[PDB]
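So the structure is just underneath, and the comments pick up after that.
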Amino acid sequence: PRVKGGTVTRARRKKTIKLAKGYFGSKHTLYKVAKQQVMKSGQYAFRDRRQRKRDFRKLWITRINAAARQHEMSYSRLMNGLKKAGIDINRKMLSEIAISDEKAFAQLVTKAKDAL
Amino acid sequence: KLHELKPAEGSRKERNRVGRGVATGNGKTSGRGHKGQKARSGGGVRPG
Amino acid sequence: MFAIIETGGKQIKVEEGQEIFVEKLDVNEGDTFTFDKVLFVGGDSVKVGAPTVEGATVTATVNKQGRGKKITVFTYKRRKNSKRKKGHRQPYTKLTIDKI
Amino acid sequence: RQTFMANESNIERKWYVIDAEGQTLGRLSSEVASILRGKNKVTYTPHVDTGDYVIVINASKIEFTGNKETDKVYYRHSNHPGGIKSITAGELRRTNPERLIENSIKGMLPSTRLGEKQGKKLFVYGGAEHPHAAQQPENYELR
Amino acid sequence: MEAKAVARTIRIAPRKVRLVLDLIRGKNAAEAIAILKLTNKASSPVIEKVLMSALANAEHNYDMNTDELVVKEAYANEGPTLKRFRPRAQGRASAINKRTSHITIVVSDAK
Amino acid sequence: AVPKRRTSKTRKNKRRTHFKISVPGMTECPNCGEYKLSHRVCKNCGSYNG
RNA sequence: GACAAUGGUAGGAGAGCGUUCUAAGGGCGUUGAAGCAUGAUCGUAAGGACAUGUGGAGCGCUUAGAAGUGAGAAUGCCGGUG
RNA sequence: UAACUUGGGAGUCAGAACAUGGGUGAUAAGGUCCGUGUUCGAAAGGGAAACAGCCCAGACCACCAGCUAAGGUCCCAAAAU
RNA sequence: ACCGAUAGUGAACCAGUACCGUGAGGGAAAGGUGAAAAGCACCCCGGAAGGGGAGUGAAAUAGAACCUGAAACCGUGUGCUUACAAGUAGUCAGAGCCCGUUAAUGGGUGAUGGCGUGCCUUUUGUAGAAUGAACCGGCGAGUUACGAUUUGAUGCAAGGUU
């Protein structure tokens with residue numbers, strides 16, 4: 001028997017048009033143009049998920065370095081001392097300590113300076 | 001019961017259809033390769 | 001008064017009466033949990049050392065065990081007919097630090 | 001998640017003044033670019049400008065090493081066919097002293113919308129006095 | 001309370017009419033009849049007959065005094081175009097569009 | 001010379017910014033009471049009488 | 001539950017979703033079916049529900065069967081509109 | 001941890017650079033034709049300012065965790081003025 | 001286990017007819033109000049056309065250009081935002097402002113900071129200045145009959161089968 005294609009192509013074309021809303025001009029109205037930008041956004045999100053871990057780890061290192069220059073020391077001499085002292089506190093926690101509690105960062109610096 | 005029928009397990013299969021999408025593995029070229037005499041409609045050379 | 005605990009491969013700074021989200025736990029919803037590894041205690045209390053301070057455990061009650069919002073993993077190669085789409089919902093566990 | 005970001009509300013900018021009497025051009029411009037950018041404090045927040053205002057007095061008496069007073073030429077074009085101008089380093093210090101220092105610092109800042117608002121916090125003067133006495137700029141020793 | 005009046009199958013092209021409707025929009029009922037009468041566009045006598053009948057509905061059917069009526073909404077929509085042919089050189093033939101618009105005037109009392 | 005590219009709705013609506021007309025510049029005649037153009041006669045009952 | 005494996009074109013192999021029709025069974029509907037529109041919903045994907053508007057008489061579900069069974073492009077064809 | 005044998009279905013017969021052993025050319029060519037490896041082809045990621053073929057290294061998915069490779073640590077721009 | 005108005009005969013329709021060629025000849029487009037015309041008496045603006053009410057009907061945004069009424073496209077209002085800025089127009093991070101959901105690690109807008117030269121064909125190699133696409137909708141390409149061979153399944157077995 002004959003099988004007229006109906007209501008099945010409009011349904012899957014409307015999902016892609018809705019996935020691209022807020023775009024500029026014909027990028028949110030026409031189907032052939034929005035389909036390509038939907039595919040480009042999927043490839044962009046996969047690359048930016050693995051790059052979000054890169055640019056945040058470097059953001060903490062600067063804030064730690066700025067807090068170390070106040071005590072006559074650099075970042076390279078601070079993480080070497082925390083190892084010989086057996087501290088094992090990551091960058092994310094050292095960044096939130098110096099911002100909130102200034103007294104706590106002096107105790108970690110004195111222990112790391114005594115380890116030489 | 002005609003409302004509960006089951007064929008013998010392992011006796012029936014679904015045919016293959018080439019040229020229907022790309023995820024099937026038999027899309028554009030439809031299992032023929034690139035240009036040549038064995039890619040045009042009408043077969044190729046006789047084995048004789 | 002805060003503390004730094006290692007729970008799911010990472011480290012979190014906790015406080016009394018706080019809603020935190022961590023990796024999946026084997027405990028049931030409504031029960032209690034206890035973090036044994038504490039790395040740093042400070043704030044109002046006296047400063048302590050490291051890697052792990054003696055005792056000073058943290059107790060917390062379980063609130064909910066659910067899944068996050070769904071994402072769509074789509075990649076493709078141009079001029080090469082090869083694309084693949086996946087989906088993902090990562091489970092999590094919510095706790096409330098009642099005592100530090 | 002658990003990281004602190006500084007918005008427009010909690011930002012405090014200070015005024016500093018630097019003395020350029022007996023210092024190298026490139027060695028001085030690099031440390032001033034750090035003060036303008038805001039990398040001196042723990043609340044960096046890259047997408048927001050947290051730098052401080054800086055003032056450089058005594059723009060003259062900027063020292064060069066080697067044959068730089070003569071062998072360093074500054075080029076610029078004017079979008080006209082054949083129109084190209086050249087000024088040596090020694091002559092720029094004599095006519096427009098502040099321009100020699102102001103361009104060496106602006107060449108180290110990023111060229112963005114935010115990197116242009118940061119370069120507007122610099123005030124360079126050839127003399128030994130600054131007009132901005134209303135504020136209270138504190139002296140700063142370069143390290 | 002409102003009063004509408006629509007003119008359909010108006011032979012004048014739509015975007016030629018929208019240039020004049022952007023002048024009476026928001027004005028009073030007295031200031032709009034004068035603006036339309038002292039201008040020399042093609043759609044001037046057409047828009048005036050539509051704005052005049054919209055005031056006749058506001059007094060006969062509805063009960064309100066025309067001393068303080070303002071023009072609330074004015075716009076022009078599309079219509080069924082007419083397809084024509086213009087013979088050109090070397091046997092070619094071009095297309096000519098005899099367009100059509102729908103005029104709509106809405107008056108109100110601001111209450 | 002033919003257009004190399006299509007025209008946007010943004011670029012088309014920016015060009016027609018100044019494609020407008022102004023008010024005819026009318027005044028009121030204190031003989032016929034109705035509006036009229038300047039330096040012209042009242043088109044209704046009346047005359048110039050300058 | 002321990003260990004190991006999971007980048008991929010031409011190509012080989014396996015497992016699934018959806019459209020129309022027939023058979024048997026069992027259901028829904030003028031207290032409003034199909035379709036159309038919107039939504040912050042559920043699945044590993046193809047895809048599946050529900051509520052609210054419009055609509056005015058048909059249509060799902062389970063197990064098998066048979067195919068004019070899936071569209072983004074061929075200076076593709078017809079219609080409409082820039 | 002693979003090899004050989006029997007049977008079913010294929011695709012491919014336009015290759016490129018780089019290191020090296022050699023013909024031809026003029027110890028010319030991103031030239032051309034052979035031997036032996038690697039990468040691309042069919043390979044994302046980091047480095048060489050941008051740069052299929054060069055150096056490091058082979059992406060099942062998620063994380064605002066840690067340690068290294070080639071290359072790097074005055075500013076742009078993460079780390080020694 | 002045939003089609004349901006781009007389908008089925010070229011033709012559901014007054015079609016081998018408009019129309020196109022000196023001629024032999026070639027050839028389309030066009031179905032649907034409602035159960036029943038019960039097809040809007042009368043009033044108002046207007047020269048008319050077309051409208052605003054009142055009536056008919058279960059429904060008139062079912063009024064003969066009459067069932068449902070999609071997209072392209074053309075408009076009328078408003079909540080955020082934009083006139084020193086170098087843009088495959090997205091993505092990740094993120095203030096401020098404005099709303100309140102299929103109730104959950106909420107929705108709309110986006111000051112500013114990172115990273116980023118469309119898709120398909122054909123190629124040793126393409127952002128390519130190599131090819132194709134103005135846009136939207138519909139239609140549009142491994143099939144069936146008869147033979148051969150190799151696999152899975154079922155019946156019987158020195159027999160098996162018309």
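Chain labels A, B, ... are given in the sequence in which chains occur in the structure tokens; within each chain residues are numbered consecutively from 1, and ligands are likewise numbered from 1 in the order shown.
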
May I have a table of the residues of chain H lying at most 12 Å from chain A, giving each one's closest pair of atoms and their distance in Å to one decimal, counting only C-alpha atoms (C1' of nucleotides), ordered by chain and ascending residue number, as CSV?
residue,atom,partner,partner_atom,distance
H:44,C1',A:47,CA,10.0
H:45,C1',A:47,CA,9.9
H:59,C1',A:47,CA,10.5
H:61,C1',A:46,CA,10.9
H:62,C1',A:49,CA,9.9
H:63,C1',A:53,CA,9.0
H:64,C1',A:56,CA,6.5
H:65,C1',A:90,CA,7.7
H:66,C1',A:90,CA,7.9
H:73,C1',A:76,CA,10.0
H:77,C1',A:58,CA,10.9
H:78,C1',A:58,CA,5.6
H:79,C1',A:76,CA,7.7
H:80,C1',A:76,CA,7.9

| task | Fewer than 2 positions away in the same chain doesn't count, so skip those; otherwise give me all residues within 10 Å of residue 26 of chain C, counting only C-alpha atoms (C1' of nucleotides), as JSON, numbers by chain. | result | {"C": [24, 28, 29, 33, 65, 93]}

| said: Could you list, as a list in words, every residue within 10 Å of segment 29-45 of chain F, counting only C-alpha atoms (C1' of nucleotides) and ignoring same-chain residues fewer than 2 positions away? | reply: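 Near neighbours after the sequence-gap exclusion: residues 30, 31, 33, 34, 35, 37, 38 and 39 of chain E; 24, 25, 26, 27, 47, 48, 49 and 50 of chain F.
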
| said: Calculated over only C-alpha atoms, which of the candidates F:4, F:46, F:11, F:22 has the smallest distance to chain A? | reply: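 Ranked by minimum distance to chain A, first place goes to F:11.
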
| Could you pull the residues within 9 Å of residue 40 of chain D, counting only C-alpha atoms (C1' of nucleotides), minus those fewer than 3 positions along the same chain, as a list in words? |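 Those residues are residues 63, 65, 66, 67 and 69 of chain A; 34, 35, 37, 43, 44 and 51 of chain D.
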
Give me a file of those residues, with C-alpha atoms, as a PDB file, in the first residue's frame.
ATOM      1  CA  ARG A  63      45.035  34.350  43.426  1.00  0.00           C
ATOM      2  CA  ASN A  65      50.458  33.843  43.976  1.00  0.00           C
ATOM      3  CA  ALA A  66      49.074  37.282  44.847  1.00  0.00           C
ATOM      4  CA  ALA A  67      48.568  36.150  48.451  1.00  0.00           C
ATOM      5  CA  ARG A  69      53.934  37.918  47.515  1.00  0.00           C
TER       6      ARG A  69
ATOM      7  CA  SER D  34      50.688  44.683  36.550  1.00  0.00           C
ATOM      8  CA  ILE D  35      49.331  47.415  38.830  1.00  0.00           C
ATOM      9  CA  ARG D  37      45.638  45.154  35.375  1.00  0.00           C
ATOM     10  CA  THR D  43      40.251  39.028  44.024  1.00  0.00           C
ATOM     11  CA  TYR D  44      41.461  38.882  40.429  1.00  0.00           C
ATOM     12  CA  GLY D  51      43.233  47.453  38.895  1.00  0.00           C
TER      13      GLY D  51
END

| Polymer residues at most 7 Å from segment 21-32 of chain G, only C-alpha atoms (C1' of nucleotides), same-chain spacing of 2 or more positions, as a list in words |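 Near segment 21-32 of chain G, the qualifying residues are residues 1 of chain A; 2 and 3 of chain B; 1 of chain I.
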
| query | Neighbours of segment 86-103 of chain I within 8 Å (only C-alpha atoms (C1' of nucleotides); same-chain residues fewer than 2 positions away dropped), as a PyMOL selection string? | reply | (chain A and resi 24+37+40-41+44-45+48-49+52) or (chain D and resi 7-8+47) or (chain G and resi 39-41+50-51) or (chain I and resi 79-80+106-108+111+113-114+117-118)

Using only C-alpha atoms (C1' of nucleotides), determine which residues lie at most 10 Å from residue 14 of chain E, disregarding the query and same-chain residues fewer than 5 positions distant; provide the list as a PDB file with N, CA, C and O atoms (P, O5', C5', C4', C3', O3' and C1' of nucleotides), in the first residue's frame.
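Contents of selection.pdb, as written:
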ATOM      1  N   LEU E  19       2.779  54.744   4.706  1.00  0.00           N
ATOM      2  CA  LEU E  19       3.478  56.011   4.886  1.00  0.00           C
ATOM      3  C   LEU E  19       2.556  57.089   5.438  1.00  0.00           C
ATOM      4  O   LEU E  19       3.015  57.994   6.143  1.00  0.00           O
ATOM      5  N   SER E  43      -3.455  57.501  -1.433  1.00  0.00           N
ATOM      6  CA  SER E  43      -4.323  56.845  -0.467  1.00  0.00           C
ATOM      7  C   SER E  43      -4.965  57.820   0.511  1.00  0.00           C
ATOM      8  O   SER E  43      -5.499  57.384   1.535  1.00  0.00           O
ATOM      9  N   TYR E  75      -3.252  50.357  10.901  1.00  0.00           N
ATOM     10  CA  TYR E  75      -2.311  49.444  10.270  1.00  0.00           C
ATOM     11  C   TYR E  75      -2.903  48.960   8.955  1.00  0.00           C
ATOM     12  O   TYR E  75      -4.105  49.093   8.711  1.00  0.00           O
ATOM     13  N   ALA E  76      -2.040  48.396   8.115  1.00  0.00           N
ATOM     14  CA  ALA E  76      -2.430  47.875   6.813  1.00  0.00           C
ATOM     15  C   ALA E  76      -1.858  46.476   6.641  1.00  0.00           C
ATOM     16  O   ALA E  76      -0.668  46.255   6.887  1.00  0.00           O
ATOM     17  N   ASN E  77      -2.703  45.542   6.218  1.00  0.00           N
ATOM     18  CA  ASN E  77      -2.311  44.163   5.975  1.00  0.00           C
ATOM     19  C   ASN E  77      -2.244  43.898   4.476  1.00  0.00           C
ATOM     20  O   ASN E  77      -2.501  44.777   3.651  1.00  0.00           O
ATOM     21  N   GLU E  78      -1.890  42.666   4.129  1.00  0.00           N
ATOM     22  CA  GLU E  78      -1.789  42.274   2.734  1.00  0.00           C
ATOM     23  C   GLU E  78      -3.150  41.836   2.199  1.00  0.00           C
ATOM     24  O   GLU E  78      -4.144  41.757   2.924  1.00  0.00           O
ATOM     25  N   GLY E  79      -3.182  41.547   0.902  1.00  0.00           N
ATOM     26  CA  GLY E  79      -4.371  41.050   0.257  1.00  0.00           C
ATOM     27  C   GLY E  79      -4.026  40.165  -0.922  1.00  0.00           C
ATOM     28  O   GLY E  79      -2.854  39.903  -1.206  1.00  0.00           O
ATOM     29  N   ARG E  99      -0.961  44.770  -6.342  1.00  0.00           N
ATOM     30  CA  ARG E  99      -1.164  44.361  -4.962  1.00  0.00           C
ATOM     31  C   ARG E  99      -2.462  44.938  -4.396  1.00  0.00           C
ATOM     32  O   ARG E  99      -3.188  45.683  -5.057  1.00  0.00           O
ATOM     33  N   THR E 100      -2.743  44.572  -3.146  1.00  0.00           N
ATOM     34  CA  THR E 100      -3.979  44.907  -2.451  1.00  0.00           C
ATOM     35  C   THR E 100      -3.703  44.931  -0.948  1.00  0.00           C
ATOM     36  O   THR E 100      -2.823  44.223  -0.450  1.00  0.00           O
ATOM     37  N   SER E 101      -4.453  45.755  -0.215  1.00  0.00           N
ATOM     38  CA  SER E 101      -4.231  45.897   1.219  1.00  0.00           C
ATOM     39  C   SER E 101      -5.561  45.942   1.958  1.00  0.00           C
ATOM     40  O   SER E 101      -6.623  46.132   1.362  1.00  0.00           O
ATOM     41  N   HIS E 102      -5.481  45.765   3.277  1.00  0.00           N
ATOM     42  CA  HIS E 102      -6.625  45.856   4.178  1.00  0.00           C
ATOM     43  C   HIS E 102      -6.365  46.973   5.178  1.00  0.00           C
ATOM     44  O   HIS E 102      -5.388  46.917   5.932  1.00  0.00           O
ATOM     45  N   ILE E 103      -7.242  47.974   5.196  1.00  0.00           N
ATOM     46  CA  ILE E 103      -7.094  49.143   6.058  1.00  0.00           C
ATOM     47  C   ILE E 103      -7.956  48.952   7.298  1.00  0.00           C
ATOM     48  O   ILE E 103      -9.073  48.430   7.211  1.00  0.00           O
TER      49      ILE E 103
ATOM     50  P     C I  74       9.662  39.914   5.438  1.00  0.00           P
ATOM     51  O5'   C I  74       8.383  40.861   5.412  1.00  0.00           O
ATOM     52  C5'   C I  74       7.922  41.431   4.197  1.00  0.00           C
ATOM     53  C4'   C I  74       6.486  41.879   4.305  1.00  0.00           C
ATOM     54  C3'   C I  74       6.162  42.824   5.451  1.00  0.00           C
ATOM     55  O3'   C I  74       6.513  44.170   5.177  1.00  0.00           O
ATOM     56  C1'   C I  74       4.540  41.109   5.362  1.00  0.00           C
TER      57        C I  74
END

| Which is closer to chain I than all the others in E:81, E:108, E:97, E:53, using only C-alpha atoms (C1' of nucleotides)? |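 Among the listed residues, the smallest separation from chain I belongs to E:53.
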
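Applying a distance limit of 12 Å to only C-alpha atoms, the residues of chain B near chain C read residues 21, 22, 23, 24, 25, 26, 27, 28 and 29 of chain B.
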
| field | Straight-line distance linking atom CA of residue 98 of chain D with atom CA of residue 27 of chain D, stated in Å to one decimal | value |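 These two atoms are separated by 16.4 Å.
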
| query | Could you write out as a list in words the residues of chain B within 8 Å of chain I, counting only C-alpha atoms (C1' of nucleotides)? | reply |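 Close to chain I, chain B has residues 8, 10, 11, 17 and 18 of chain B.
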
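Across the structure, atom CA of residue 45 of chain C and atom CA of residue 2 of chain C are spaced 8.7 Å apart.
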
Taking only residues of chain C that have an atom at most 9 Å from an atom of chain A, what is each one's shortest atom pair and its distance in Å to one decimal, using only C-alpha atoms, in chain and number order, as a tab-separated table?
residue	atom	partner	partner_atom	distance
C:4	CA	A:93	CA	7.8
C:10	CA	A:90	CA	8.7
C:11	CA	A:93	CA	7.2
C:12	CA	A:93	CA	7.5
C:13	CA	A:93	CA	7.4
C:39	CA	A:89	CA	7.4
C:40	CA	A:89	CA	8.5
C:42	CA	A:104	CA	6.9
C:43	CA	A:101	CA	6.9
C:47	CA	A:104	CA	7.2
C:48	CA	A:107	CA	9.0
C:49	CA	A:87	CA	7.5
C:50	CA	A:87	CA	4.9
C:51	CA	A:87	CA	4.9
C:52	CA	A:87	CA	8.5
C:72	CA	A:42	CA	7.4
C:73	CA	A:42	CA	6.6
C:74	CA	A:42	CA	4.9
C:75	CA	A:43	CA	5.0
C:76	CA	A:43	CA	7.1
